[PDB]
Every structure is written in C-alpha cells, then in structure tokens.
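To start, the structure under review is shown below, and the notes come after it.
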Amino acid sequence: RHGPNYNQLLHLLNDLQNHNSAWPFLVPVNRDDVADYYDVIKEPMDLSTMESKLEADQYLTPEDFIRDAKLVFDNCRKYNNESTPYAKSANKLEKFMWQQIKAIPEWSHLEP
C-alpha cells in the first residue's frame with residue numbers, strides 16, 4: 001500500500017518526535033493560547049500533522065518530507081527571536097534530522 005520511502009520516513013519521523021528538543025513541535029500551536037501565531041505564520045506545520053500526512057501517502061520522496069520539516073524549523077525561527085530557547089531547539093532538531101538523513105544510503109543525494 002505505501003511507497004518505497006515510507007519505512008525510512010516513518011523511522012525518521014519517529015526519531016524526530018523522540019528527540020529531546022522536539023516537544024515545542026509535537027502538535028499545532030493553539031490559537032486560543034497564542035493569539036497572533038496564525039497571523040504571523042502563513043503555512044503552519046508540526047510533527048503530528050506530518051505524521052498524518054505521511055500516513056496519507058503525501059510524502060513520496062524524502063524531499064517532500066524535508067520541505068514540511070523545514071517549515072516547522074523556519075516557522076519557529078520566524079516567530080521566535082534569534083538566540084531564544086525555541087530558536088535554539090529548532091536549530092538542534094534540524095541538525096539532528098540531517099545527521100539521521102545522511103546515515104540512509106539511498107538518501108546520499110540529499111543536502112541541506
């Protein structure tokens with residue numbers, strides 16, 4: 001049923017969700033708690049939404065998956081100031097994501 005990249009993409013998403021820096025990114029921001037978030041961030045993304053999209057076969061290539069992961073990290077660095085804790089968390093999680101990708105032989109063509 002799923003395409004050839006599904007197992008490694010689920011492995012990567014599992015790695016992301018289990019990383020110690022991932023907590024701020026596990027679920028969508030709640031507008032009831034952060035009133036201006038969806039005025040600032042036009043294309044929101046989070047790891048639970050990525051999980052649902054992966055299940056629905058929206059990621060055919062690692063490139064499709066990485067584009068959504070980049071939204072997670074870039075949105076966080078747009079909303080939060082440089083050098084603040086959440087910007088640092090986004091930097092740490094993105095760096096970890098790329099360490100994991102570089103370890104997958106079939107994904108050697110990919111680069112940040």
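Residues are named by chain letter and number: chains run A, B, ... in the order of the structure tokens, numbers start at 1 in each chain, and ligands are numbered from 1 in the order shown.
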Skipping near chain neighbours, those fewer than 5 positions away, what residues fall within 12 Å of residue 93 (chain A) using only C-alpha atoms, listed as a PyMOL selection string?
-> chain A and resi 12-13+15-26+47+69-70+72-74+76+86-88+98-100
Counting only C-alpha atoms, what is within 9 Å of residue 54 (chain A), bar same-chain residues fewer than 6 positions away, as number ranges by chain?
-> A: 6, 9-10, 60, 65
Based on the selection just made, write C-alpha atoms of those residues as a compact mmCIF listing (two decimals), in the first residue's frame.
```txt
# COMPACT_ATOMS: atom_id res chain seq x y z
CA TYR A 6 7.61 5.04 3.79
CA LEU A 9 10.41 8.29 6.55
CA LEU A 10 8.42 6.78 9.49
CA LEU A 60 6.56 10.25 -1.96
CA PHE A 65 9.05 15.23 3.81
```
Sel. of alpha helix (DSSP H) residues, chain A, as a ChimeraX atom specification | /A:6-18,37-40,47-55,62-79,85-102
Close residues, region 34-45 of chain A itself excluded, 8 Å, only C-alpha atoms, min 5 positions apart in chain, as a PyMOL selection string | chain A and resi 28-29+50+68-69+71-72+75+78-79
Preceding selection exported with N, CA, C and O atoms as a PDB file, in the first residue's frame:
```pdb
ATOM      1  N   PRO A  28       0.179  21.178  16.742  1.00  0.00           N
ATOM      2  CA  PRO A  28      -0.020  22.553  16.265  1.00  0.00           C
ATOM      3  C   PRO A  28      -0.137  23.524  17.422  1.00  0.00           C
ATOM      4  O   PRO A  28      -0.627  23.183  18.498  1.00  0.00           O
ATOM      5  N   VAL A  29       0.304  24.746  17.167  1.00  0.00           N
ATOM      6  CA  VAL A  29       0.112  25.827  18.163  1.00  0.00           C
ATOM      7  C   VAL A  29      -1.396  26.065  18.297  1.00  0.00           C
ATOM      8  O   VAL A  29      -2.085  26.032  17.282  1.00  0.00           O
ATOM      9  N   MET A  50       2.604  16.186  10.232  1.00  0.00           N
ATOM     10  CA  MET A  50       3.488  15.437   9.310  1.00  0.00           C
ATOM     11  C   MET A  50       3.183  13.937   9.416  1.00  0.00           C
ATOM     12  O   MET A  50       3.222  13.259   8.405  1.00  0.00           O
ATOM     13  N   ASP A  68       8.376  19.895   4.537  1.00  0.00           N
ATOM     14  CA  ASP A  68       7.479  20.152   5.694  1.00  0.00           C
ATOM     15  C   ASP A  68       8.297  20.311   6.991  1.00  0.00           C
ATOM     16  O   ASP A  68       7.959  21.158   7.797  1.00  0.00           O
ATOM     17  N   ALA A  69       9.337  19.499   7.145  1.00  0.00           N
ATOM     18  CA  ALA A  69      10.212  19.633   8.328  1.00  0.00           C
ATOM     19  C   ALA A  69      10.827  21.032   8.332  1.00  0.00           C
ATOM     20  O   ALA A  69      10.891  21.647   9.392  1.00  0.00           O
ATOM     21  N   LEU A  71       9.579  23.713   7.125  1.00  0.00           N
ATOM     22  CA  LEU A  71       8.526  24.691   7.536  1.00  0.00           C
ATOM     23  C   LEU A  71       8.479  24.738   9.065  1.00  0.00           C
ATOM     24  O   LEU A  71       8.385  25.807   9.632  1.00  0.00           O
ATOM     25  N   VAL A  72       8.521  23.562   9.685  1.00  0.00           N
ATOM     26  CA  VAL A  72       8.496  23.505  11.175  1.00  0.00           C
ATOM     27  C   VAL A  72       9.627  24.375  11.721  1.00  0.00           C
ATOM     28  O   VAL A  72       9.362  25.208  12.575  1.00  0.00           O
ATOM     29  N   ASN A  75       9.412  28.231  10.439  1.00  0.00           N
ATOM     30  CA  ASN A  75       8.311  28.942  11.131  1.00  0.00           C
ATOM     31  C   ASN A  75       8.754  29.284  12.556  1.00  0.00           C
ATOM     32  O   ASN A  75       8.454  30.374  13.028  1.00  0.00           O
ATOM     33  N   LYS A  78      11.023  32.140  12.460  1.00  0.00           N
ATOM     34  CA  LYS A  78      10.367  33.402  12.105  1.00  0.00           C
ATOM     35  C   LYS A  78       9.595  33.978  13.288  1.00  0.00           C
ATOM     36  O   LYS A  78       9.671  35.191  13.565  1.00  0.00           O
ATOM     37  N   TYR A  79       8.869  33.129  14.009  1.00  0.00           N
ATOM     38  CA  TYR A  79       8.039  33.614  15.102  1.00  0.00           C
ATOM     39  C   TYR A  79       8.881  34.006  16.311  1.00  0.00           C
ATOM     40  O   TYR A  79       8.599  35.015  16.967  1.00  0.00           O
TER      41      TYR A  79
END
```
